[PDB]
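J.: Sharing a structure, written as structure tokens. Questions coming.
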Amino acid sequence: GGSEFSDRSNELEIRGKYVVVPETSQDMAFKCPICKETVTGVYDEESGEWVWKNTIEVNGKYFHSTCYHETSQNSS
Ligand SMILES: [Zn+2]
């Protein structure tokens, strides 16, 4: 019984991630090569900017956070 944290495991917390879409972006979109699916930006009224929901950037490539989490090679 958390005060403000969810007890529903880390499974939801991967999908809750986002990254800000710049005004220089090509139509606010990119494609996930893992599942072959296109992400689109969504407006944020507080900052006055846009955000890519469930999205991650790494080494010049774009992916879904839930997709890339399955392929994250790590040990060091
Ligand atoms: Zn994907």
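Identifiers in the structure tokens: chain A, B, ... in order shown; residue index from 1 per chain; ligand index from 1 in order shown.
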Between chain A and ligand 1, at 7 Å or less, what are the per-residue closest atom pairs and their distances in Å? Count only C-alpha atoms and all ligand atoms, order by chain and rising residue number, and return it as a Markdown table.
T.:
| residue | atom | partner | partner_atom_place_in_ligand_line | distance |
| --- | --- | --- | --- | --- |
| A:32 | CA | ligand 1 | 1 (Zn) | 4.7 |
| A:33 | CA | ligand 1 | 1 (Zn) | 6.8 |
| A:34 | CA | ligand 1 | 1 (Zn) | 5.2 |
| A:35 | CA | ligand 1 | 1 (Zn) | 4.2 |
| A:36 | CA | ligand 1 | 1 (Zn) | 6.3 |
| A:37 | CA | ligand 1 | 1 (Zn) | 5.7 |
| A:63 | CA | ligand 1 | 1 (Zn) | 6.1 |
| A:64 | CA | ligand 1 | 1 (Zn) | 4.7 |
| A:67 | CA | ligand 1 | 1 (Zn) | 4.8 |
J.: As a PyMOL selection string, please: all residues of chain A that backbone DSSP puts in alpha helix (DSSP H).
T.: chain A and resi 11-15+65-71
J.: Dump C-alpha atoms for the selected residues as a PDB file, in the first residue's frame?
T.:
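The new file result-v6.pdb reads:
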ATOM      1  CA  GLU A  11       5.562  -3.449 -16.119  1.00  0.00           C
ATOM      2  CA  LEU A  12       3.483  -0.197 -16.264  1.00  0.00           C
ATOM      3  CA  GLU A  13       6.486   2.097 -15.472  1.00  0.00           C
ATOM      4  CA  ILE A  14       8.311   1.179 -18.747  1.00  0.00           C
ATOM      5  CA  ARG A  15       5.198   2.330 -20.748  1.00  0.00           C
ATOM      6  CA  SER A  65      10.529   1.795 -24.361  1.00  0.00           C
ATOM      7  CA  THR A  66       8.594  -1.529 -23.893  1.00  0.00           C
ATOM      8  CA  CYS A  67      10.133  -2.980 -27.125  1.00  0.00           C
ATOM      9  CA  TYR A  68      13.774  -1.892 -26.438  1.00  0.00           C
ATOM     10  CA  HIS A  69      13.551  -3.131 -22.771  1.00  0.00           C
ATOM     11  CA  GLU A  70      13.310  -6.747 -24.152  1.00  0.00           C
ATOM     12  CA  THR A  71      16.496  -6.236 -26.339  1.00  0.00           C
TER      13      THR A  71
END
J.: Please report, as a ChimeraX atom specification, each residue of range 3-60 of chain A to which DSSP assigns strand (DSSP E or B) when run on this structure's backbone.
T.: /A:18-21,29-32,37-44,49-53,55-58
J.: Residues as selected, N, CA and C atoms, written as an mmCIF file, in the first residue's frame, can you do that?
T.:
data_model
loop_
_atom_site.group_PDB
_atom_site.id
_atom_site.type_symbol
_atom_site.label_atom_id
_atom_site.label_comp_id
_atom_site.auth_asym_id
_atom_site.auth_seq_id
_atom_site.Cartn_x
_atom_site.Cartn_y
_atom_site.Cartn_z
ATOM 1 N N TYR A 18 8.438 8.926 -21.608
ATOM 2 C CA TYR A 18 8.322 9.763 -22.813
ATOM 3 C C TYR A 18 9.562 10.643 -23.043
ATOM 4 N N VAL A 19 9.658 11.207 -24.251
ATOM 5 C CA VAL A 19 10.698 12.159 -24.692
ATOM 6 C C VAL A 19 10.063 13.324 -25.459
ATOM 7 N N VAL A 20 10.528 14.562 -25.263
ATOM 8 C CA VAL A 20 9.946 15.761 -25.915
ATOM 9 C C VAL A 20 10.221 15.764 -27.420
ATOM 10 N N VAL A 21 9.176 15.993 -28.226
ATOM 11 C CA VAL A 21 9.281 16.192 -29.679
ATOM 12 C C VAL A 21 9.736 17.632 -29.982
ATOM 13 N N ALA A 29 7.077 12.260 -35.978
ATOM 14 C CA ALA A 29 7.008 10.803 -36.131
ATOM 15 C C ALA A 29 8.356 10.110 -36.387
ATOM 16 N N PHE A 30 8.446 8.863 -35.911
ATOM 17 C CA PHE A 30 9.525 7.893 -36.149
ATOM 18 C C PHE A 30 8.962 6.461 -36.118
ATOM 19 N N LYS A 31 9.721 5.463 -36.598
ATOM 20 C CA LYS A 31 9.294 4.054 -36.644
ATOM 21 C C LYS A 31 10.190 3.145 -35.791
ATOM 22 N N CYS A 32 9.549 2.280 -35.008
ATOM 23 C CA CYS A 32 10.132 1.185 -34.250
ATOM 24 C C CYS A 32 10.539 0.029 -35.195
ATOM 25 N N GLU A 37 6.391 -0.408 -36.082
ATOM 26 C CA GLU A 37 5.262 0.512 -35.805
ATOM 27 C C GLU A 37 5.682 1.976 -35.644
ATOM 28 N N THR A 38 4.829 2.903 -36.084
ATOM 29 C CA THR A 38 5.139 4.345 -36.123
ATOM 30 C C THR A 38 4.642 5.061 -34.860
ATOM 31 N N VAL A 39 5.541 5.705 -34.105
ATOM 32 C CA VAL A 39 5.204 6.624 -33.005
ATOM 33 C C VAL A 39 4.829 8.008 -33.531
ATOM 34 N N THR A 40 3.933 8.689 -32.810
ATOM 35 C CA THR A 40 3.516 10.072 -33.077
ATOM 36 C C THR A 40 3.528 10.911 -31.795
ATOM 37 N N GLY A 41 3.891 12.187 -31.907
ATOM 38 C CA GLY A 41 3.898 13.146 -30.802
ATOM 39 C C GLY A 41 2.498 13.493 -30.267
ATOM 40 N N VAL A 42 2.428 13.859 -28.980
ATOM 41 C CA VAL A 42 1.204 14.264 -28.258
ATOM 42 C C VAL A 42 1.440 15.550 -27.442
ATOM 43 N N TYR A 43 0.498 16.501 -27.440
ATOM 44 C CA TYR A 43 0.683 17.813 -26.802
ATOM 45 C C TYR A 43 0.725 17.775 -25.261
ATOM 46 N N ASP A 44 1.606 18.586 -24.681
ATOM 47 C CA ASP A 44 1.729 18.888 -23.253
ATOM 48 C C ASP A 44 1.398 20.362 -22.985
ATOM 49 N N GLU A 49 4.697 22.195 -25.218
ATOM 50 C CA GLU A 49 5.491 21.419 -26.178
ATOM 51 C C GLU A 49 4.798 20.079 -26.481
ATOM 52 N N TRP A 50 5.429 19.187 -27.241
ATOM 53 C CA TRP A 50 4.894 17.862 -27.586
ATOM 54 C C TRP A 50 5.795 16.747 -27.043
ATOM 55 N N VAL A 51 5.255 15.543 -26.842
ATOM 56 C CA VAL A 51 5.957 14.370 -26.277
ATOM 57 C C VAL A 51 5.630 13.071 -27.016
ATOM 58 N N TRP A 52 6.647 12.234 -27.203
ATOM 59 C CA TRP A 52 6.573 10.887 -27.759
ATOM 60 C C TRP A 52 6.373 9.893 -26.611
ATOM 61 N N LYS A 53 5.146 9.373 -26.488
ATOM 62 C CA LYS A 53 4.723 8.436 -25.433
ATOM 63 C C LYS A 53 5.331 7.039 -25.652
ATOM 64 N N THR A 55 8.434 6.003 -25.599
ATOM 65 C CA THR A 55 9.528 6.147 -26.588
ATOM 66 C C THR A 55 10.899 6.354 -25.938
ATOM 67 N N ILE A 56 11.943 5.881 -26.620
ATOM 68 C CA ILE A 56 13.359 5.961 -26.247
ATOM 69 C C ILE A 56 14.235 6.223 -27.488
ATOM 70 N N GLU A 57 15.216 7.117 -27.350
ATOM 71 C CA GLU A 57 16.288 7.359 -28.324
ATOM 72 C C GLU A 57 17.613 6.790 -27.788
ATOM 73 N N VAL A 58 18.391 6.121 -28.643
ATOM 74 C CA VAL A 58 19.697 5.529 -28.305
ATOM 75 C C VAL A 58 20.604 5.474 -29.534
#
